[PDB]
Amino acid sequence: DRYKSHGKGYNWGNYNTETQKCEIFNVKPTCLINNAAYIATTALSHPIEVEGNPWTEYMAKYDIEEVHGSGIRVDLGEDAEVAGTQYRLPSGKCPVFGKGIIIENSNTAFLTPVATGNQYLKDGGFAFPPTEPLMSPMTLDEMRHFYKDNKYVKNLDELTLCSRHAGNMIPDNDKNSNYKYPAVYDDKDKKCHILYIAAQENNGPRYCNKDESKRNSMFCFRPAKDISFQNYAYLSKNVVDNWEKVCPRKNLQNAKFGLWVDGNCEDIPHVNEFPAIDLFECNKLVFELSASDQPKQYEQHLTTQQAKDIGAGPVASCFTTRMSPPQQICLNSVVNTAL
């Protein structure tokens, strides 16, 4: 459990729109200060959208350690036993708005299906390859029809439903049904993408290769809030069904995070200042600095299972469903062995 952040990190920022300063800090805020120059943001928040302690109830959703409970930039907060081997999995309770993965020196978008059949590893992305019946990608309307006879899921919010759908595929080696894949929901196309690869960062020169001529070598990649990801939500298996009320999403206009002390909201007494031209660029920096469950580079050298420690998952070609009716679903083609 050495790598788990449990949500601790530089998760919050006060963006001064007039001085173009992103004031980043790593303690939970406990009140808000009215100030027309400011917008209050968190690493989980959408990067653009804006809206004896009397603040306790209102500020609960900014207590990231309590309401999310895991990393943000890299979320690998739980372990799942499969056939005697313990794999790392995303486990945060809130959706991460605007997060995606950039594959370095690559044309491949990360929601492209993982390489299968005759494809080289670097030709494919992170998403589930086609299955029969087709499980991913699936649109919202398709998901509600798929689950139309399941009372407990059919009416879930679209993000919670995408999370539960991604969790509806049990690898056939996983007899205790512990392993649940993460997912990305694209609000533009209203599509749920189950992610076959649960890793989110691989940047060590000893463990990845950025050369495009070595197309079966492991590629390098990192999480980011790129402008092209603004409609995505990165979702672990644990996304809660009431995230809309308990998790952050919109940024707070005309508001500065503060700390409640002796009946008054005081300024955060020490912040780390980064320049940022607009709110999106501040949110991107807060995310870059936020809680991470990634092993530090020196820790990846000291382990004998570097791939597992960054989230490498089990080899699975056929699956069974968790929710009724029980059915078997197989990939149309097996994933590239290089994985």
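Residues carry their position along the shown sequence, with the first being 1.
Gap check for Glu57 to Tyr58: zero deposited residues are absent from the model. Of the two segments, 237-245 and 78-86, the one listed with the higher mean B-factor is 78-86 (C-alpha atoms only).
When the two stretches 328-336 and 4-12 are set side by side, the higher mean Cα temperature factor goes to 328-336. Each of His193, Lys210, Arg144, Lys99 has a CA temperature factor in the record; the biggest one is found at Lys210. Among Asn176, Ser163, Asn251, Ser91, the highest C-alpha B-factor in the deposited entry belongs to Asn176.
Per the deposited record, the Cα B-factor of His301 falls in the highest third when ranked against the other modelled residues of its chain.
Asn155: CA B factor in the middle third of modelled residues in this chain (values from the PDB entry).
Among the modelled residues of its chain, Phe219 has a C-alpha B-factor that falls in the highest third, as given in the PDB entry. Among the modelled residues of the chain, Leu111 sits in the lowest third by CA temperature factor in this PDB entry. Among all modelled residues in this chain, the alpha-carbon of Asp309 has a temperature factor (C-alpha) in the highest third.
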